[PDB]
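Below you'll find only one chain, the form deposited without its partner chain, shown as structure tokens.
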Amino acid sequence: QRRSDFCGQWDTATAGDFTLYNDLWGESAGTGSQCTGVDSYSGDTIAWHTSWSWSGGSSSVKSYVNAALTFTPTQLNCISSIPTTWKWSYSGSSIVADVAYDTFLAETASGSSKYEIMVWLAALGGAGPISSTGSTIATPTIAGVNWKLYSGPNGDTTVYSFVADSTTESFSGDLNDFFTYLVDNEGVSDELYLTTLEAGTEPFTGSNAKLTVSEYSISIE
């Protein structure tokens, strides 16, 4: 833990067009704490970290510390690409957590989400996504990675989660390829607005853990 870190439930920091949210929303489901800090911002690339220990509520996400892009909500129709690079590593013991993009689609620019679309670069310690059946709905290769695609409900929002077959500490590609996949193969409307582009980690449980994000960038064209 650094004295420069922020550890409050809803604390934020800003770097370029990113907001780094602590978003310790599942705090009450366990015992522990989580502190977060920006390390650098160079060009359009952010580097940051978050350290935590969480125990109890084994199946309950404790937080989603994430870097979120500020952008104008745009219809999938109007997106040419979403180039992104993400380099990270995890330290700690008994880590049950994911490292994932979290994105949302709505019928209007500032509307309620019809879909949540996740891209998991890591599923650590048995962490698993929302799934109606408990099995994949597809196993596509996208952005140089072999994925296991799952779907499941969260009330009025459908959650799609692409989970990498292997932990991917260095990822790069066009994130729009995932939206294009779902438009072509899972009946997602390309008239929907992309409202949210986030990249972070969901911890369940673990001790003396730290996500180091050495490089992250994303933009919409």
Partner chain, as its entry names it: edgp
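We call the rigid core whatever largest set of C-alpha positions still superposes within 1.5 Å between the two forms. Positions refer to the first chain, counted from 1. Residues that one form lacks are left out of the comparison.
Keep in mind that the form solved in complex with its partner chain is not shown, yet the notes after this line are about it.
Listed range touching its partner chain, judged in the deposited bound form by heavy atoms within 4.5 Å, from 87-95, 69-77, 114-122, 136-144: Careful reading of the contacts points to 114-122.
Any non-hydrogen atom of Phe171 within 4.5 angstroms of its partner chain in the deposited bound form: So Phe171 does not count as contacting its partner chain.
Using the partner position in the deposited bound form, report whether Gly128 sits within 4.5 Å of its partner chain, counting heavy atoms only. Yes - in the deposited bound form, heavy atoms of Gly128 and its partner chain come within 4.5 Å of each other.
Decide whether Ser132 counts as a contact residue for its partner chain in the deposited bound form under a heavy atom distance cut-off of 4.5 Å. Flag for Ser132 set to yes.
Using heavy atoms and a 4.5 Å limit, would one call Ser166 a contact residue for its partner chain in the deposited bound form? Contact check for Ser166: no, nothing within 4.5 Å of its partner chain in the deposited bound form.
Select from the listed residues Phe179, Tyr193, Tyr64, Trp48 the one whose heavy atoms reach within 4.5 Å of its partner chain in the deposited bound form. Comparing distances to its partner chain in the deposited bound form, the residue within 4.5 Å is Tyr64.
Within 4.5 Å of its partner chain in the deposited bound form: all of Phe104, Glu198 and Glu202, by heavy atom? Looking in the deposited bound form, the three residues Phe104, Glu198 and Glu202 all sit within 4.5 Å of its partner chain (heavy atoms).
Once the rigid core is superposed, exactly one of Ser42, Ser166, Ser58, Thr70 has its CA displaced by 2 Å or more between this form and the one not shown; which residue is that? By this measure, the answer is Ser42.
Moved runs of 3+ residues, each with a C-alpha displacement of 2 angstroms or more between this form and the one not shown on the rigid core: Moving stretch: 42-44 alone.
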